[PDB]
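Before any comments, here is the structure.
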Amino acid sequence: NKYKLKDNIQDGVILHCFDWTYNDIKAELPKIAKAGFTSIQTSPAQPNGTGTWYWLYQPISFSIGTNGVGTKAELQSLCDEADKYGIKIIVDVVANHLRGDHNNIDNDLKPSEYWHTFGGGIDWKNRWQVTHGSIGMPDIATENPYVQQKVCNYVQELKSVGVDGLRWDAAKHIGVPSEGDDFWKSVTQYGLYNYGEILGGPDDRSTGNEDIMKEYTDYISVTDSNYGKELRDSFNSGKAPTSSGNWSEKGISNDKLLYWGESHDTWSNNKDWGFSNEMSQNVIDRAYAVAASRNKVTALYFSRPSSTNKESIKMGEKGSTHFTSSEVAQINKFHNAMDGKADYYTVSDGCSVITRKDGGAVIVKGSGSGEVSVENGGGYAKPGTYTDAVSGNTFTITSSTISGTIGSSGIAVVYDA
C-alpha cells in the first residue's frame, strides 16, 4: 500500500473515470494510486443499450451483463487489480426504473404490479407523487418485496464479483420505511458502503423535509443540490461558497453527506442543468477543492467527456484527464493524511479556507490566485513553514493565519510531504 490508501470510503475520496472501460481503469490504477484515490465509482454493470451514455442508465435487467465498460470478467479483474492496490470498487445503480419502455426489460418485472403506476404530472411538493410518478420512464413499486428481491439479487451478484460499495440514482423517488419502504434495509443488509441521489430536498416543500432526510440518512449518505447551486453560482460568478455545507448547516451529520465539483448530470444532459459543459475546468475545480476539504463528507472527482451535449456525449471513452493535475492530486493525499484530523471551515480572503486540527489546510479563492493571509480556522492547522503542495511555492502556517502565493488552480494545500 505504497500511497497509504484507506479502508474507509465515506471517510474517503473517489474518482469516476466516466465510462472509461474496466481495462482503462485497471491499467491506470498505478497512476490513480500515485494520485492517491482510495475508491472509484463506475457505471451500472447490467446489459444495456450502447453509444449515447444514458443507454447504460437504461439497462434491461437487474443482473450483470457484458457492457459499455466491459465484461463481468474484466470488471472482476478490475476488482482484483484494485485489491492489489487495495482500491475500492463503487458501482452506480439506477434502482427506480430499468429501460424507459417496459417492453424491453426483465420479463418478471414487466407486470404493472411491480410499478408505481401514477405516471407523469408530478407536483414536486407532493412527496407521494415524487416517489410514485413514472416520469415517462417507469417508476418501480420500490416497497414491493420482490422489487427489492430483484435489486437484492443484483447487489448479491455485484458483491459476489467483489464490488465494495454502491451509489443509488433516484433516491428522492425511492420511499422510506415510514412510507412502508424497507428497500434501504433490503440493500444495507449486504454491509456495503452506500450513497444516494437527491436534488431539491426529499420534495420541494420548506419544512418537515429535514426529518425525511434523517430517515433516509439513517441508511445512507447523500448529495446536495443547493450546495451544488451556491457552488456553481459562486465559483462561476468568481466567488467562494459562503456555506461550509448546506444540509449539514440544516443539522445533518457529515458522514451522511457528499458534494462535488459537478455531477456527471450537470455536464451530461442539456445546458439548462447541464450548464457545466460550458463552464471552465479551473472554474469548476474550485468547487471540487471545497467539497473534498470537508471532514467526514465523502467526495468524488469527475472525468469530463469529449462532448458538451446530451445527444453528443457517449459511453466507452477515456474522458478528460485533469485528475493528473497538481490540485486534484494534492487533494487526495491531503484527505489520506487529514482523515481524523477534524476540520474547521471558514471563508477568508475571498476564499473558502479549511484547516485540519493539528494538521494541514486548504485555501480556495472564488477566482484567480496570488498571495494570501487567511484565517487559521479555529487555529486548527499546525504552525510551521512548508511547500504548498499545489504550486510548489513556500507557505507558512501560524496559529492565527496562513500565507503564501496560490497557483492558477486558485487552490492552495499544505502537509508534511
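Given labels modelled 7 Å from the Cα in the Cβ direction, how far is it in nm from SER312 to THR52?
1.5
Given +1 on the Cβ of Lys and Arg, -1 on the Cβ of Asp and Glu, and no further charges, what dipole in debye does the chain carry about its Cα centre, rounded to the nearest 20?
900
Which FRET efficiency value, to the nearest 0.05, do you get for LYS250 and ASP83 by plugging their Cβ-Cβ distance into 1/(1 + (r/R0)^6) with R0 = 51 Å?
0.85
Can you compute the modelled spin-label distance between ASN226 and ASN153, with each label point 7 Å from Cα toward Cβ, in nm?
Between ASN226 and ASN153, the label points sit 4.1 nm apart.
Just want to confirm a number: the relative contact order over the stretch 344-414, from Cα pairs under 8 angstrom separated by 6+ residues, in percent.
32
Would you please classify the overall shape of the stretch 377-417 from the alpha carbon gyration tensor, given that a ≥ b ≥ c denote the square roots of the eigenvalues, rounded means a/c under 1.5, and beyond that prolate means a/b larger than b/c while oblate covers the rest?
Prolate shape, in that a/c is at least 1.5 and a/b is the bigger ratio.
On a 0 to 90° scale, report how tilted helix 22-34 is relative to the longest principal axis of the chain, with both axes built from alpha carbons and the result rounded to the nearest 10.
20
Taking the chain as a Gaussian network, where each spring joins two C-alpha atoms under 10 Å apart, which residue of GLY70, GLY12, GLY208 fluctuates the most?
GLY208
Evaluate the relative contact order of the chain (contact order divided by residue number), counting alpha-carbon pairs under 8 angstrom at least 6 apart; express in whole percent.
After rounding, I find 15 percent.
How many nm separate the modelled label positions at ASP358 and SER403, each set 7 Å beyond the Cα in the direction of the Cβ?
The modelled label-to-label distance comes out at 2.8 nm.
Taking the chain as the reference, fit the longest principal axis to its C-alpha atoms, fit the long axis of helix 225-236 to the helix C-alpha atoms, and give the angle between the two in degrees, 0 to 90, nearest 10.
Value to nearest ten degrees: 40.
Relative contact order of the stretch 122-276, please, whole-number percent, based on alpha carbon pairs below 8 angstrom and at least 6 residues apart.
Reported as a whole number, the value is 17 percent.
Going by the alpha-carbon gyration tensor, a ≥ b ≥ c the square roots of its eigenvalues, is the stretch 216-340 rounded (a/c under 1.5) or, if a/c is not under 1.5, prolate (a/b greater than b/c) versus oblate?
Prolate, because a/c is 1.5 or more and a/b exceeds b/c.
Expressed as a fraction of 2.2 N^0.38 Å, the rule-of-thumb size for a compact globular protein of N residues, what is the C-alpha radius of gyration of the stretch 164-284?
1.12
Pull out the extension gain between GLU113 and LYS31, defined as 0.36 nm times the separation in residues minus the alpha carbon to alpha carbon distance; nm, one decimal.
Length difference between fully extended and current span is 24.7 nm.
Which part of the stretch 218-234 falls in the paramagnetic zone of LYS271, meaning amide N under 19 Å from the point 7 Å along Cα-to-beta-carbon?
232-234
Taking the chain as the reference, fit the longest principal axis to its C-alpha atoms, fit the long axis of helix 72-85 to the helix C-alpha atoms, and give the angle between the two in degrees, 0 to 90, nearest 10.
Roughly 30 degrees between the two axes.
Starting from the Cα gyration tensor of the chain, take the square roots of the eigenvalues, sort them a ≥ b ≥ c, and report rounded, prolate or oblate (rounded when a/c is under 1.5, otherwise prolate if a/b is larger than b/c, else oblate).
prolate
If I take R0 = 30 Å and measure r between the Cβ atoms of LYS341 and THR242 in this structure, what FRET efficiency does the formula 1/(1 + (r/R0)^6) give, to the nearest 0.05?
Efficiency, rounded to the nearest 0.05: 0.80.
Between the DSSP loop rule and a limit of at most 10 other Cβ atoms within 10 Å, which GluC sites (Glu not before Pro) in the stretch 253-344 are left?
Sparse-neighbourhood loop GluC sites (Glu not before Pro): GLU311.
In a Gaussian network model over the chain where Cα atoms closer than 10 Å are linked, find which of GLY68, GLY196, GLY378 has the largest mean-square fluctuation.
Ranking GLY68, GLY196, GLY378 by mean-square fluctuation puts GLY378 first.
Holding the Cα-Cα limit at 20 Å, pick out from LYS6/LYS341; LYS150/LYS185; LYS88/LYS310; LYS2/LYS72; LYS31/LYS84 the pairs that are longer than that.
Violating the 20 Å limit, Cα to Cα: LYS88/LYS310; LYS2/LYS72.
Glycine also receives a Cβ, built like all others from the backbone with ideal geometry; neighbour counts cover every protein chain displayed. Read the figures in this text as sums done on the coordinates, not as results from a lab.
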